[PDB]
Amino acid sequence: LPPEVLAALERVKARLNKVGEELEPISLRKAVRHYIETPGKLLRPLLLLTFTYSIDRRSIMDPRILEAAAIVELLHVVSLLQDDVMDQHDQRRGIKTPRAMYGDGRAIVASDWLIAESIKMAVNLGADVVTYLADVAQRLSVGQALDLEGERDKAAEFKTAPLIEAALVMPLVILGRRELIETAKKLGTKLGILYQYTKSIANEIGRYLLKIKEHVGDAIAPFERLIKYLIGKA
Amino acid sequence: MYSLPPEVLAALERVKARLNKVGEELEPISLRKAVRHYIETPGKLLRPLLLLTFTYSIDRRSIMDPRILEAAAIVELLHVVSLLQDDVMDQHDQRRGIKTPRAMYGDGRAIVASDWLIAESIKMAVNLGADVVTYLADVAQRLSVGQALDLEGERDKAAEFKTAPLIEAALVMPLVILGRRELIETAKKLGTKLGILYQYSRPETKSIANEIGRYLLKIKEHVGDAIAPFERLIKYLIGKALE
Ligand SMILES: C/C=C(\C)CC/C=C(\C)CC/C=C(\C)CCC=C(C)C
């Protein structure tokens, strides 16, 4: 990716590394930080920073944009911790989970602590951002309930897609480019459904990328590559 | 029982009505049932009662303010979130002769329901301003730390973080909303002690009731006899704790 995005991503990583740094008791801090400290892909923050750079290169190092990327990664951590408890997971890709190592109680309380932290950070981004994240959370909750209730098809859109779309929507709300929201939402949702795993899914994504390109033009390159590259995997 | 103003009881009915709207048409059904369980089998509505009674004593006209009614409902929702999660952590299959949501649907739904409620409360708090939102998130983190200390076998340090933070928010929210910051410090002390005392439902217990009396006295010096219904309520809660 572009050097500027990589640099942004480093600030985000440094910001995430401070979360819970002095949290007490220690059992809570470890449960909170496990998924911050274990090596991850940082898909969501990356999608957000690259989408920003593509739409407004100037705003890449904007403090609100960096904080938003951190927020979306913290909400992803909350989802991991909760899924571990829902599904009683002992491992997540070869690595023992917080619930396995520290109990379900600590895992739950750490997700609560992180939701509050996410909210504290979101407040600075304004009321529209806070309300939107809360709507996102209610969609994820509904999806989990739908899955527990035996409706994998109805739960597909609400299962993990909301965070991916939030990665694309937050920068739009923050920067004021509301005209791209409806498409960014649509794309994020398709990207999300694809992620859980099918030919025309990477086709629509192609179209929505098209519409977006008709708005920002070629400045969309970096983001198109990432999507396309992410597209190739599937 | 309750010797409180009919205006406070009336406000409480409107809070009950607002709470009855929460998650009304929510799907799926198991989510709706888990979410509304502790709202339909209602408790003593102590947290909303404290907020409303305190508001009435500081500013009587504000008991009809939509923001105050919303704040009362939010404090009850967070209490409901705490019940749902506590059911799961302590494995309660019944909570006062009634099957708990975790027992009926499994731990997953209780947790998810709590998640939906946290989100719903944030949505409601946004309408009350950034300070309310920030404050509630700080309350949430304290509750978290409190519960962690518990699980950690640290009842000592857990005393003030486990439930007190919500009792405190019942008194501090209305002050923030009405911009009466001068009383916040005392409201926090008072609320924290009331919460510590109310945790159980002896030597120290009276030392605590004495401290509360002094915080009440400080509020009285500030608002005069208008504080009387709140004072009766605190003395009543103190009473049962000492019974
Ligand atoms: C027994 C008590 C426990 C387990 C703590 C429950 C945690 C609660 C009730 C707080 C949930 C609220 C948040 C995580 C964020 C709330 C912030 C706003 C509504 C602005």
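Residues numbered from 1 in each chain as written, not as in the entry; some residues may be left out. Chains lettered and ligands numbered in written order. Heavy atoms only, no water. Residues with missing side-chain atoms left out of burial classes, pairs and counts.

For this deposited structure, the header cites X-ray crystallography as the method used and 2.00 Å as the resolution.

### Considerations on the pattern of salt bridges
Residues and elements named next belong to chain A. For the coordinates displayed, the defined rule picks out 36 salt bridges over all chains. A salt bridge links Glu 24 to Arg 29; its shortest N-O distance comes to 3.5 Å. Bridged by salt links that share partners, the residues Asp 83, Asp 84 and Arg 92 form one connected network. (Salt bridge = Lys/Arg side-chain N within 4 Å of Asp/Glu carboxyl O.)

### Side note on the packing of helix α3 (residues 46-58) of chain B against helix α4 (residues 66-90) of chain B
Residue and element names in this part refer to chain B. Where α3 contacts α4, the axes come no closer than 8 Å and their chain directions differ by 155°. If you check the angle between α3 and α4, you find them roughly antiparallel. Seen from above, α3 lies across α4 with right-handed handedness. On α4, the residues touching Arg 47, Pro 48, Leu 51, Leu 52 and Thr 55 of α3 are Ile 68, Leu 69, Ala 71, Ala 72, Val 75, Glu 76 and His 79. Across the contact of α3 with α4, the residue classes tally to 8 nonpolar, 2 polar and 2 charged. (Axes fitted to C-alpha atoms, helices over the stretch in contact; angles between N-to-C directions. Helix = DSSP H or I, 4+ residues; strand = E, 2+ residues; numbered from the N terminus. Parallel < 35°, antiparallel > 145°, perpendicular 65-115°, else oblique. Left-handed = near helix turned anticlockwise from the far one by under 90°. Contact = heavy atoms within 4.5 Å. Nonpolar A, V, L, I, M, F, W, Y, C, P; charged D, E, K, R; others polar.)

### A few points about the site of the ligand
Not every one of the 17 residues close to the ligand is listed here, only the nearest: A:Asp112, B:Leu78, B:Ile118, B:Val133 and B:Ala140. Proximal residues around the ligand fall on chains A and B, making this an inter-chain site. For the ligand, the protein covers 98% of the area, taking 590 Å² as the surface of the free molecule. Going through the elements one at a time, α6 (104-123) of chain A together with α4, α6 (107-126) and α7 (130-151) of chain B are the ones with two or more residues in the shell around the ligand. Here the element with the most residues in the shell around the ligand is α7(B); it accounts for 6 residues. (Near = heavy atom within 4 Å. Areas by Shrake-Rupley, 256 points an atom, 1.4 Å probe, with all protein chains shown as cover.)

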